[PDB]
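J.: Structure provided below as structure tokens; questions to follow.
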Amino acid sequence: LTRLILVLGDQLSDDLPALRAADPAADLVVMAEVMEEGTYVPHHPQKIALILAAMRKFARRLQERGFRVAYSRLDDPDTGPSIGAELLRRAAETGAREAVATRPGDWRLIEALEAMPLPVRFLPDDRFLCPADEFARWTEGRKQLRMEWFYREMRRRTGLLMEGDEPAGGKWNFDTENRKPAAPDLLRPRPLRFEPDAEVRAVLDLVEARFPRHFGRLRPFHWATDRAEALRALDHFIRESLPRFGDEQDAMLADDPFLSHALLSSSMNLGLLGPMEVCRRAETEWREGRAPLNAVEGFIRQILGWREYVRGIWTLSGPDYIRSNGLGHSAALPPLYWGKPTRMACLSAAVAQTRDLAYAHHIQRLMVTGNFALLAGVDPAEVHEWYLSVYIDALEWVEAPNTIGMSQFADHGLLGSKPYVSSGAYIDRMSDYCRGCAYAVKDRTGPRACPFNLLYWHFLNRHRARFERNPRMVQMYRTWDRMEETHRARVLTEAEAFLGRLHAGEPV
Ligand SMILES: Cc1cc2nc3c(=O)[nH]c(=O)nc-3n(C[C@H](O)[C@H](O)[C@H](O)COP(=O)(O)OP(=O)(O)OC[C@H]3O[C@@H](n4cnc5c(N)ncnc54)[C@H](O)[C@@H]3O)c2cc1C
Ligand SMILES: Cc1nc2c(=O)[nH]c(=O)nc-2n(C[C@H](O)[C@H](O)[C@H](O)CO)c1C
Ligand code: SF4
Ligand SMILES: [Gd]
Ligand SMILES: [Mg+2]
């Protein structure tokens, strides 16, 4: 009569569907720290540490609430290699004939649990604002998807920034106001960091010993490891940084890795925060004249729009999504991505902070590291491995669409009809990187030519047949055509030379 109740490491929510369905008197909660989940990609040590530590804390909390918990520690030699091995073990110990599980957000894990010779009753993950079945319904018959239309509908369903049947402040979307560079500022707060207690430190010591060859600096470790801490991170952001969120959303500063971003993605993704509570707090700040509407709406749109939309695309696209390669790109990831030196200031900055903090803000992920990998023709499978490995907040469901779709343009165009690529001019306008860089951003050719200046046109040229039949990009080819033929030839000869060095592993 005992049933197993699985709680995975991204399911640390009090009101998790599986827990709702359990009988604390009869059922056994099962949690397991296992090598398979620690190595399916070589996760940033900070990520591994975050999950294991939050797992232990949550297990103890489940005990405080009355559940019986069977917890398999990574450092127990009795622990098996996978979530499945531990479910089976506990079935044997217990007599249970069935496990209940909130459906995870990783296709490989889904399949593993189905393949397990123990039946699993899956429940939907209801921690999103848009239910799966409702996302599917909204998309049906649409020959083209666009996040914006989905977002407006989510605004209406939820009531967020809605004054009647009208959007707050008389228009829907304020992204046009959120695209300026930012200045250094004494009055700009730094986000809240958290010191590990002894139990987190025990996990840090474990991860250092057990996963030494993964890319990333483990210490200092500063992320929230339970709900109490995450709520403080929330409060900090709402009070101190939300009013700048809009003006500074696309900015980059060589000396500030965080600017005014919330640094909440990991907390939301593991279940420590929920999106409604986050969006509502932000809305209140507008209603009380503390945060401007471009800021609050910009913030909400990232969670209510993109986060939700991305989850939907993941769900619909299935287990073969990560095999998408619409542009036929096949190059290795350059060594600079795993920390080898590069003279490109922007990339260096981004990879360095990814190494050290397990965190890059959105515009870095999209327009620096993402943009460069696309321009250089890296296989999207390789880009996908990297983003899913290196960031504190990375799990398949949220990383895959952002990486394969939004950034690498490898899919059907569901996350943007125009690829996010640029020349160096864009990085120059939005950051202060270029003055410190050995490359010359204003040079279109020559030994000092910014590599984005070469690869941008090379990219457009090599994919002209497909992109020129694309309204939103016809202009760019017009500008290319109006240039002397010898200038074009030189640009391509030089991009080609660069690419040869890049993909040979030469420092660039
Ligand atoms: C190539 C690529 C890979 C990405 N991988 C991840 C990932 O693994 N995990 C992840 O949570 N986000 C991912 N993103 C989206 C976004 O970059 C991060 O969510 C954001 O950087 C998290 O930092 P923050 O908390 O400071 O976010 P903020 O800038 O403060 O934004 C606020 C919140 O909005 C949400 N958000 C904003 N953009 C997105 C997005 N496009 N998709 C989903 N949520 C969004 C997050 O919950 C975030 O906490 C990726 C984006 C790109 C381009
Ligand atoms: C590194 C890691 N380790 C574990 C683990 O040891 N045990 C566990 O239950 N979950 C872990 N996770 C999170 C899962 O991989 C997660 O459920 C999927 O990545 C997405 O739902 C991760 C990411
Ligand atoms: S010149 Fe080019 S490579 Fe150097 S920081 Fe600017 S955009 Fe990056
Ligand atoms: Gd492939
Ligand atoms: Mg933007």
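Letters for chains follow the order of the structure tokens (A, B, ...), residue numbers begin at 1 for each chain, and ligand numbers begin at 1 in the order shown.
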Quick one: residues within 7 Å of stretch 125-135 of chain A, only C-alpha atoms, excluding same-chain residues fewer than 2 positions away - as a VMD selection string?

T.: chain A and resid 17 102 to 103 123 137 to 139 274 308 312

J.: Stretch 257-346 of chain A near stretch 427-433 of chain A within 12 Å: what's each residue's closest atom pair and its distance in Å to one decimal, counting only C-alpha atoms, ordered by chain then ascending residue number, as a tab-separated table?

T.:
```
residue	atom	partner	partner_atom	distance
A:257	CA	A:431	CA	11.7
A:259	CA	A:431	CA	11.9
A:343	CA	A:433	CA	11.4
A:344	CA	A:433	CA	9.1
A:345	CA	A:433	CA	6.0
A:346	CA	A:433	CA	5.9
```

J.: Those selected residues, please, written with N, CA and C atoms and delivered as a PDB file, in the first residue's frame.

T.:
```
ATOM      1  N   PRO A 257      29.361  42.785 -13.448  1.00  0.00           N
ATOM      2  CA  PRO A 257      28.808  41.575 -14.061  1.00  0.00           C
ATOM      3  C   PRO A 257      27.340  41.399 -13.887  1.00  0.00           C
ATOM      4  N   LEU A 259      24.943  44.360 -13.162  1.00  0.00           N
ATOM      5  CA  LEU A 259      24.095  45.536 -13.264  1.00  0.00           C
ATOM      6  C   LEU A 259      22.824  45.480 -12.418  1.00  0.00           C
ATOM      7  N   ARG A 343      41.622  37.455 -27.105  1.00  0.00           N
ATOM      8  CA  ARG A 343      41.881  38.871 -27.217  1.00  0.00           C
ATOM      9  C   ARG A 343      40.622  39.651 -27.434  1.00  0.00           C
ATOM     10  N   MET A 344      39.523  38.959 -27.672  1.00  0.00           N
ATOM     11  CA  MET A 344      38.227  39.625 -27.834  1.00  0.00           C
ATOM     12  C   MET A 344      37.674  39.990 -26.447  1.00  0.00           C
ATOM     13  N   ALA A 345      37.622  41.276 -26.149  1.00  0.00           N
ATOM     14  CA  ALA A 345      37.356  41.710 -24.793  1.00  0.00           C
ATOM     15  C   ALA A 345      35.992  41.229 -24.353  1.00  0.00           C
ATOM     16  N   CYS A 346      34.985  41.449 -25.183  1.00  0.00           N
ATOM     17  CA  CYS A 346      33.609  41.048 -24.871  1.00  0.00           C
ATOM     18  C   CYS A 346      33.489  39.558 -24.510  1.00  0.00           C
TER      19      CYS A 346
END
```

J.: So which residues touch stretch 22-38 of chain A within 6 Å, counting only C-alpha atoms, skipping near sequence neighbours fewer than 5 positions away, as a VMD selection string?

T.: chain A and resid 2 to 7 67 to 74 81 to 82

J.: May I have the residues from that selection written out with C-alpha atoms, as a PDB file, in the first residue's frame?

T.:
```pdb
ATOM      1  CA  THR A   2       3.103   2.227   0.171  1.00  0.00           C
ATOM      2  CA  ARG A   3       3.792   4.347  -2.852  1.00  0.00           C
ATOM      3  CA  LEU A   4       7.093   5.999  -3.693  1.00  0.00           C
ATOM      4  CA  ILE A   5       6.940   9.808  -4.110  1.00  0.00           C
ATOM      5  CA  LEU A   6       9.851  11.158  -6.189  1.00  0.00           C
ATOM      6  CA  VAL A   7      11.233  14.650  -5.613  1.00  0.00           C
ATOM      7  CA  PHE A  67       6.808  13.197   5.501  1.00  0.00           C
ATOM      8  CA  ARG A  68       8.943  10.115   5.717  1.00  0.00           C
ATOM      9  CA  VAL A  69      12.008  10.695   3.529  1.00  0.00           C
ATOM     10  CA  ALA A  70      14.460   8.127   2.077  1.00  0.00           C
ATOM     11  CA  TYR A  71      17.457  10.293   1.132  1.00  0.00           C
ATOM     12  CA  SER A  72      20.312   8.778  -0.920  1.00  0.00           C
ATOM     13  CA  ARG A  73      23.517  10.781  -0.542  1.00  0.00           C
ATOM     14  CA  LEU A  74      26.006  11.115  -3.379  1.00  0.00           C
ATOM     15  CA  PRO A  81      24.097   5.495 -10.343  1.00  0.00           C
ATOM     16  CA  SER A  82      20.725   6.882 -11.343  1.00  0.00           C
TER      17      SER A  82
END
```

J.: Might you pull out every residue within 12 Å of residue A:159, with only C-alpha atoms counted and same-chain residues fewer than 2 positions away left off, and present them as a PyMOL selection string?

T.: chain A and resi 129+151-157+161-168+276+279-280+283+300+304

J.: Which value, in Å to one decimal, gives the distance between atom CA of residue A:451 and atom CA of residue A:341?

T.: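 We find that atom CA of residue A:451 and atom CA of residue A:341 lie 15.3 Å from each other.
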
J.: Please measure the separation of atom CA of residue A:369 and atom 2 (C, counted along the ligand's line) of ligand 1, giving the value in Å to one decimal.

T.: 8.9 Å

J.: Give me the residues near residue A:119 as a list in words, where near means some atom within 8 Å (using only C-alpha atoms) and where sequence neighbours in that chain fewer than 3 positions away do not count.

T.: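 Those residues are residues 97, 98, 99, 114 and 116 of chain A.
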
J.: Please produce an output containing C-alpha atoms for each residue in the selection, written as an mmCIF file, in the first residue's frame.

T.:
```cif
data_model
loop_
_atom_site.group_PDB
_atom_site.id
_atom_site.type_symbol
_atom_site.label_atom_id
_atom_site.label_comp_id
_atom_site.auth_asym_id
_atom_site.auth_seq_id
_atom_site.Cartn_x
_atom_site.Cartn_y
_atom_site.Cartn_z
ATOM 1 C CA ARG A 97 4.468 -1.360 -6.640
ATOM 2 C CA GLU A 98 4.338 2.155 -8.114
ATOM 3 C CA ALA A 99 6.118 5.542 -7.989
ATOM 4 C CA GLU A 114 9.405 5.368 -18.430
ATOM 5 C CA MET A 116 12.343 1.698 -15.654
#
```

J.: Could you list, as a PDB file with N, CA, C and O atoms, in the first residue's frame, all protein and nucleic acid residues with an atom at most 8 Å from ligand 4, counting only C-alpha atoms and all ligand atoms?

T.:
```pdb
ATOM      1  N   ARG A 323      18.176  18.083 -31.645  1.00  0.00           N
ATOM      2  CA  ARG A 323      18.873  17.619 -32.856  1.00  0.00           C
ATOM      3  C   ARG A 323      18.718  18.584 -34.025  1.00  0.00           C
ATOM      4  O   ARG A 323      19.351  18.396 -35.062  1.00  0.00           O
ATOM      5  N   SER A 324      17.952  19.647 -33.819  1.00  0.00           N
ATOM      6  CA  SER A 324      17.707  20.625 -34.840  1.00  0.00           C
ATOM      7  C   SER A 324      18.990  21.271 -35.351  1.00  0.00           C
ATOM      8  O   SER A 324      19.838  21.733 -34.560  1.00  0.00           O
ATOM      9  N   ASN A 325      19.124  21.329 -36.671  1.00  0.00           N
ATOM     10  CA  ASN A 325      20.261  21.966 -37.277  1.00  0.00           C
ATOM     11  C   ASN A 325      19.878  22.542 -38.632  1.00  0.00           C
ATOM     12  O   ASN A 325      20.468  22.223 -39.685  1.00  0.00           O
ATOM     13  N   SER A 330      28.319  22.926 -38.179  1.00  0.00           N
ATOM     14  CA  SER A 330      28.955  21.705 -37.693  1.00  0.00           C
ATOM     15  C   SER A 330      30.334  21.847 -37.027  1.00  0.00           C
ATOM     16  O   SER A 330      30.990  20.857 -36.753  1.00  0.00           O
ATOM     17  N   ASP A 379      28.385  23.946 -34.468  1.00  0.00           N
ATOM     18  CA  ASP A 379      27.261  23.024 -34.333  1.00  0.00           C
ATOM     19  C   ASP A 379      26.360  23.394 -33.148  1.00  0.00           C
ATOM     20  O   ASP A 379      26.803  23.518 -32.032  1.00  0.00           O
ATOM     21  N   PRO A 380      25.075  23.545 -33.395  1.00  0.00           N
ATOM     22  CA  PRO A 380      24.225  23.898 -32.245  1.00  0.00           C
ATOM     23  C   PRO A 380      24.200  22.873 -31.127  1.00  0.00           C
ATOM     24  O   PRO A 380      23.945  23.247 -29.977  1.00  0.00           O
ATOM     25  N   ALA A 381      24.459  21.606 -31.450  1.00  0.00           N
ATOM     26  CA  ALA A 381      24.571  20.567 -30.424  1.00  0.00           C
ATOM     27  C   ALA A 381      25.706  20.942 -29.441  1.00  0.00           C
ATOM     28  O   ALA A 381      25.639  20.652 -28.242  1.00  0.00           O
TER      29      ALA A 381
END
```

J.: For a quick check of understanding, using only C-alpha atoms and all ligand atoms, which of A:296, A:504, A:377, A:253 has the smallest distance to ligand 3?

T.: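 Of A:296, A:504, A:377, A:253, the one nearest ligand 3 is A:253, counting only C-alpha atoms and all ligand atoms.
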
J.: Please report, as JSON lines, each residue of chain A lying at most 12 Å from ligand 5, together with the nearest pair of atoms and the separation in Å rounded to one decimal; use only C-alpha atoms and all ligand atoms, and order rows by chain and ascending residue number.

T.:
```
{"residue": "A:173", "atom": "CA", "partner": "ligand 5", "partner_atom_place_in_ligand_line": "1 (Mg)", "distance": 11.1}
{"residue": "A:174", "atom": "CA", "partner": "ligand 5", "partner_atom_place_in_ligand_line": "1 (Mg)", "distance": 9.9}
{"residue": "A:175", "atom": "CA", "partner": "ligand 5", "partner_atom_place_in_ligand_line": "1 (Mg)", "distance": 6.2}
{"residue": "A:176", "atom": "CA", "partner": "ligand 5", "partner_atom_place_in_ligand_line": "1 (Mg)", "distance": 8.3}
{"residue": "A:177", "atom": "CA", "partner": "ligand 5", "partner_atom_place_in_ligand_line": "1 (Mg)", "distance": 9.4}
{"residue": "A:178", "atom": "CA", "partner": "ligand 5", "partner_atom_place_in_ligand_line": "1 (Mg)", "distance": 6.6}
{"residue": "A:179", "atom": "CA", "partner": "ligand 5", "partner_atom_place_in_ligand_line": "1 (Mg)", "distance": 6.5}
{"residue": "A:180", "atom": "CA", "partner": "ligand 5", "partner_atom_place_in_ligand_line": "1 (Mg)", "distance": 9.9}
{"residue": "A:181", "atom": "CA", "partner": "ligand 5", "partner_atom_place_in_ligand_line": "1 (Mg)", "distance": 11.9}
{"residue": "A:245", "atom": "CA", "partner": "ligand 5", "partner_atom_place_in_ligand_line": "1 (Mg)", "distance": 11.2}
{"residue": "A:246", "atom": "CA", "partner": "ligand 5", "partner_atom_place_in_ligand_line": "1 (Mg)", "distance": 9.2}
{"residue": "A:247", "atom": "CA", "partner": "ligand 5", "partner_atom_place_in_ligand_line": "1 (Mg)", "distance": 10.4}
{"residue": "A:248", "atom": "CA", "partner": "ligand 5", "partner_atom_place_in_ligand_line": "1 (Mg)", "distance": 9.8}
{"residue": "A:249", "atom": "CA", "partner": "ligand 5", "partner_atom_place_in_ligand_line": "1 (Mg)", "distance": 6.5}
{"residue": "A:250", "atom": "CA", "partner": "ligand 5", "partner_atom_place_in_ligand_line": "1 (Mg)", "distance": 5.8}
{"residue": "A:251", "atom": "CA", "partner": "ligand 5", "partner_atom_place_in_ligand_line": "1 (Mg)", "distance": 9.6}
{"residue": "A:294", "atom": "CA", "partner": "ligand 5", "partner_atom_place_in_ligand_line": "1 (Mg)", "distance": 11.9}
{"residue": "A:295", "atom": "CA", "partner": "ligand 5", "partner_atom_place_in_ligand_line": "1 (Mg)", "distance": 11.8}
{"residue": "A:298", "atom": "CA", "partner": "ligand 5", "partner_atom_place_in_ligand_line": "1 (Mg)", "distance": 8.7}
{"residue": "A:299", "atom": "CA", "partner": "ligand 5", "partner_atom_place_in_ligand_line": "1 (Mg)", "distance": 10.7}
{"residue": "A:301", "atom": "CA", "partner": "ligand 5", "partner_atom_place_in_ligand_line": "1 (Mg)", "distance": 10.4}
{"residue": "A:302", "atom": "CA", "partner": "ligand 5", "partner_atom_place_in_ligand_line": "1 (Mg)", "distance": 9.4}
{"residue": "A:306", "atom": "CA", "partner": "ligand 5", "partner_atom_place_in_ligand_line": "1 (Mg)", "distance": 11.3}
{"residue": "A:361", "atom": "CA", "partner": "ligand 5", "partner_atom_place_in_ligand_line": "1 (Mg)", "distance": 11.5}
{"residue": "A:362", "atom": "CA", "partner": "ligand 5", "partner_atom_place_in_ligand_line": "1 (Mg)", "distance": 8.6}
{"residue": "A:363", "atom": "CA", "partner": "ligand 5", "partner_atom_place_in_ligand_line": "1 (Mg)", "distance": 7.4}
{"residue": "A:364", "atom": "CA", "partner": "ligand 5", "partner_atom_place_in_ligand_line": "1 (Mg)", "distance": 11.2}
{"residue": "A:365", "atom": "CA", "partner": "ligand 5", "partner_atom_place_in_ligand_line": "1 (Mg)", "distance": 11.9}
{"residue": "A:366", "atom": "CA", "partner": "ligand 5", "partner_atom_place_in_ligand_line": "1 (Mg)", "distance": 9.7}
{"residue": "A:367", "atom": "CA", "partner": "ligand 5", "partner_atom_place_in_ligand_line": "1 (Mg)", "distance": 10.2}
{"residue": "A:420", "atom": "CA", "partner": "ligand 5", "partner_atom_place_in_ligand_line": "1 (Mg)", "distance": 10.9}
{"residue": "A:430", "atom": "CA", "partner": "ligand 5", "partner_atom_place_in_ligand_line": "1 (Mg)", "distance": 11.3}
```

J.: Nearest to ligand 3 among A:375, A:476, A:254, A:398, with distances taken over only C-alpha atoms and all ligand atoms: which residue is it?

T.: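 Checking each of A:375, A:476, A:254, A:398 against ligand 3, counting only C-alpha atoms and all ligand atoms, the winner is A:254.
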
J.: To check your reading of the model: which residues sit at most 8 Å from ligand 3 when counting only C-alpha atoms and all ligand atoms? Write the answer as an MDAnalysis selection string.

T.: chainID A and resid 343:347 368 423:428 433:442 449:453

J.: For the residues in the current selection, export N, CA and C atoms as a PDB file, in the first residue's frame.

T.:
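Written out: again30.pdb:
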```
ATOM      1  N   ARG A 343      41.622  37.455 -27.105  1.00  0.00           N
ATOM      2  CA  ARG A 343      41.881  38.871 -27.217  1.00  0.00           C
ATOM      3  C   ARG A 343      40.622  39.651 -27.434  1.00  0.00           C
ATOM      4  N   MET A 344      39.523  38.959 -27.672  1.00  0.00           N
ATOM      5  CA  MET A 344      38.227  39.625 -27.834  1.00  0.00           C
ATOM      6  C   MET A 344      37.674  39.990 -26.447  1.00  0.00           C
ATOM      7  N   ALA A 345      37.622  41.276 -26.149  1.00  0.00           N
ATOM      8  CA  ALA A 345      37.356  41.710 -24.793  1.00  0.00           C
ATOM      9  C   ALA A 345      35.992  41.229 -24.353  1.00  0.00           C
ATOM     10  N   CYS A 346      34.985  41.449 -25.183  1.00  0.00           N
ATOM     11  CA  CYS A 346      33.609  41.048 -24.871  1.00  0.00           C
ATOM     12  C   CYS A 346      33.489  39.558 -24.510  1.00  0.00           C
ATOM     13  N   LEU A 347      34.038  38.691 -25.347  1.00  0.00           N
ATOM     14  CA  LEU A 347      33.970  37.258 -25.090  1.00  0.00           C
ATOM     15  C   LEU A 347      34.742  36.857 -23.828  1.00  0.00           C
ATOM     16  N   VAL A 368      26.648  38.292 -27.077  1.00  0.00           N
ATOM     17  CA  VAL A 368      28.079  38.084 -27.102  1.00  0.00           C
ATOM     18  C   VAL A 368      28.452  36.650 -27.397  1.00  0.00           C
ATOM     19  N   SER A 423      27.335  42.821 -36.067  1.00  0.00           N
ATOM     20  CA  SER A 423      28.715  43.218 -36.228  1.00  0.00           C
ATOM     21  C   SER A 423      29.160  43.708 -34.859  1.00  0.00           C
ATOM     22  N   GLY A 424      30.366  44.218 -34.772  1.00  0.00           N
ATOM     23  CA  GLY A 424      30.830  44.767 -33.515  1.00  0.00           C
ATOM     24  C   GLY A 424      30.152  46.059 -33.135  1.00  0.00           C
ATOM     25  N   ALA A 425      29.636  46.806 -34.114  1.00  0.00           N
ATOM     26  CA  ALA A 425      28.959  48.068 -33.800  1.00  0.00           C
ATOM     27  C   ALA A 425      27.950  47.905 -32.680  1.00  0.00           C
ATOM     28  N   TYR A 426      27.225  46.786 -32.629  1.00  0.00           N
ATOM     29  CA  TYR A 426      26.175  46.636 -31.612  1.00  0.00           C
ATOM     30  C   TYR A 426      26.780  46.522 -30.224  1.00  0.00           C
ATOM     31  N   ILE A 427      27.853  45.727 -30.092  1.00  0.00           N
ATOM     32  CA  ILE A 427      28.539  45.553 -28.813  1.00  0.00           C
ATOM     33  C   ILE A 427      29.158  46.880 -28.372  1.00  0.00           C
ATOM     34  N   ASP A 428      29.670  47.632 -29.329  1.00  0.00           N
ATOM     35  CA  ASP A 428      30.252  48.930 -29.038  1.00  0.00           C
ATOM     36  C   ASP A 428      29.228  49.930 -28.506  1.00  0.00           C
ATOM     37  N   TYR A 433      33.243  47.785 -23.711  1.00  0.00           N
ATOM     38  CA  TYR A 433      34.314  46.796 -23.904  1.00  0.00           C
ATOM     39  C   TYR A 433      35.386  47.239 -24.899  1.00  0.00           C
ATOM     40  N   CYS A 434      34.969  47.964 -25.920  1.00  0.00           N
ATOM     41  CA  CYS A 434      35.751  48.023 -27.136  1.00  0.00           C
ATOM     42  C   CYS A 434      37.007  48.883 -27.020  1.00  0.00           C
ATOM     43  N   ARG A 435      36.959  49.890 -26.147  1.00  0.00           N
ATOM     44  CA  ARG A 435      38.131  50.723 -25.896  1.00  0.00           C
ATOM     45  C   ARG A 435      39.270  49.943 -25.236  1.00  0.00           C
ATOM     46  N   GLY A 436      38.932  48.968 -24.401  1.00  0.00           N
ATOM     47  CA  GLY A 436      39.905  48.062 -23.808  1.00  0.00           C
ATOM     48  C   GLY A 436      40.343  46.860 -24.632  1.00  0.00           C
ATOM     49  N   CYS A 437      39.819  46.727 -25.841  1.00  0.00           N
ATOM     50  CA  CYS A 437      40.061  45.554 -26.660  1.00  0.00           C
ATOM     51  C   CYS A 437      41.166  45.798 -27.691  1.00  0.00           C
ATOM     52  N   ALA A 438      42.017  44.816 -27.946  1.00  0.00           N
ATOM     53  CA  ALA A 438      43.090  44.969 -28.933  1.00  0.00           C
ATOM     54  C   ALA A 438      42.525  45.110 -30.337  1.00  0.00           C
ATOM     55  N   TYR A 439      41.312  44.598 -30.567  1.00  0.00           N
ATOM     56  CA  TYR A 439      40.678  44.766 -31.872  1.00  0.00           C
ATOM     57  C   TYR A 439      40.159  46.190 -32.040  1.00  0.00           C
ATOM     58  N   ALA A 440      39.986  46.601 -33.290  1.00  0.00           N
ATOM     59  CA  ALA A 440      39.437  47.922 -33.644  1.00  0.00           C
ATOM     60  C   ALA A 440      38.021  47.783 -34.182  1.00  0.00           C
ATOM     61  N   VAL A 441      37.046  48.172 -33.385  1.00  0.00           N
ATOM     62  CA  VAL A 441      35.671  47.918 -33.733  1.00  0.00           C
ATOM     63  C   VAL A 441      35.243  48.685 -34.965  1.00  0.00           C
ATOM     64  N   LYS A 442      35.876  49.820 -35.249  1.00  0.00           N
ATOM     65  CA  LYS A 442      35.511  50.658 -36.417  1.00  0.00           C
ATOM     66  C   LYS A 442      36.239  50.182 -37.681  1.00  0.00           C
ATOM     67  N   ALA A 449      40.765  44.337 -37.569  1.00  0.00           N
ATOM     68  CA  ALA A 449      39.303  44.240 -37.778  1.00  0.00           C
ATOM     69  C   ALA A 449      38.586  43.365 -36.708  1.00  0.00           C
ATOM     70  N   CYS A 450      37.629  43.943 -35.990  1.00  0.00           N
ATOM     71  CA  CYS A 450      36.848  43.215 -34.976  1.00  0.00           C
ATOM     72  C   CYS A 450      36.313  41.996 -35.627  1.00  0.00           C
ATOM     73  N   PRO A 451      36.458  40.844 -34.975  1.00  0.00           N
ATOM     74  CA  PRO A 451      35.994  39.645 -35.667  1.00  0.00           C
ATOM     75  C   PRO A 451      34.489  39.568 -35.924  1.00  0.00           C
ATOM     76  N   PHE A 452      33.668  40.273 -35.155  1.00  0.00           N
ATOM     77  CA  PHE A 452      32.257  40.284 -35.449  1.00  0.00           C
ATOM     78  C   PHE A 452      32.033  41.034 -36.754  1.00  0.00           C
ATOM     79  N   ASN A 453      32.897  42.003 -37.061  1.00  0.00           N
ATOM     80  CA  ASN A 453      32.727  42.733 -38.314  1.00  0.00           C
ATOM     81  C   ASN A 453      32.953  41.796 -39.512  1.00  0.00           C
TER      82      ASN A 453
END
```

J.: Have a look at A:52, A:268, A:1, A:101 and name the one nearest to residue A:231; count only C-alpha atoms.

T.: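 Checking each candidate against residue A:231, we get A:268 as the closest.
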
J.: Can you tell me, as a ChimeraX atom specification, which residues in stretch 126-188 of chain A count as alpha helix (DSSP H) by DSSP?

T.: /A:132-139,147-158

J.: Rank A:146, A:89, A:60, A:290 by their smallest atom-to-atom distance to residue A:413, using only C-alpha atoms, and report the top residue only.

T.: A:146

J.: Compare A:460, A:83, A:404, A:489 by their minimum atom-to-atom distance to ligand 1, counting only C-alpha atoms and all ligand atoms, and give me the closest one.

T.: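 Ranking A:460, A:83, A:404, A:489 by distance to ligand 1, first place goes to A:404.
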
J.: Pick from A:53, A:388, A:383, A:421: nearest to residue A:207, with only C-alpha atoms counted?

T.: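 For residue A:207, the nearest of the candidates is A:53.
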
J.: Give me, please, the distance in Å between atom 21 (O, counted along the ligand's line) of ligand 1 and atom CA of residue A:305, quoted to one decimal.

T.: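 That distance, rounded to one decimal, is 14.4 Å.
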
J.: What's the 7 Å shell around stretch 213-224 of chain A, counting only C-alpha atoms, without same-chain residues fewer than 6 positions away, as a VMD selection string?

T.: chain A and resid 42 to 46 193 to 195 230 338 355 to 356

J.: Could you take the residues named above and write them with N, CA and C atoms, as a short mmCIF file (atom, residue, chain, number, x, y, z; two decimals), in the first residue's frame?

T.:
```
data_model
loop_
_atom_site.label_atom_id
_atom_site.label_comp_id
_atom_site.auth_asym_id
_atom_site.auth_seq_id
_atom_site.Cartn_x
_atom_site.Cartn_y
_atom_site.Cartn_z
N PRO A 42 28.62 18.15 -18.20
CA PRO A 42 29.56 18.44 -17.11
C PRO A 42 29.22 19.78 -16.44
N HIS A 43 28.26 19.76 -15.53
CA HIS A 43 27.68 20.98 -14.98
C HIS A 43 28.74 21.81 -14.29
N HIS A 44 28.53 23.12 -14.26
CA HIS A 44 29.36 24.00 -13.46
C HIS A 44 29.32 23.46 -12.01
N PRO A 45 30.46 23.28 -11.38
CA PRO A 45 30.43 22.90 -9.98
C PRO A 45 29.48 23.70 -9.14
N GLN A 46 29.36 24.99 -9.38
CA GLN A 46 28.45 25.80 -8.55
C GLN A 46 27.02 25.29 -8.66
N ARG A 193 24.34 38.62 -1.93
CA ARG A 193 25.04 37.34 -2.00
C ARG A 193 24.88 36.65 -0.67
N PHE A 194 25.02 35.33 -0.64
CA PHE A 194 24.73 34.52 0.54
C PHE A 194 25.88 33.62 0.89
N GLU A 195 26.26 33.67 2.16
CA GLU A 195 27.38 32.90 2.66
C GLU A 195 26.90 31.49 2.99
N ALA A 230 15.99 32.81 -0.92
CA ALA A 230 15.49 33.26 -2.21
C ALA A 230 14.52 34.42 -2.03
N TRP A 338 35.70 27.35 -23.05
CA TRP A 338 36.01 26.67 -21.80
C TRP A 338 37.15 27.34 -21.03
N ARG A 355 32.78 31.54 -15.88
CA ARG A 355 33.68 30.70 -15.10
C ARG A 355 33.57 30.95 -13.62
N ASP A 356 33.63 32.22 -13.25
CA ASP A 356 33.79 32.60 -11.87
C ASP A 356 32.48 32.68 -11.11
#
```

J.: Select from stretch 142-179 of chain A everything DSSP, run on the backbone, classes as strand (DSSP E), then give the selection as JSON, numbers by chain.

T.: {"A": [162, 163, 166, 167]}
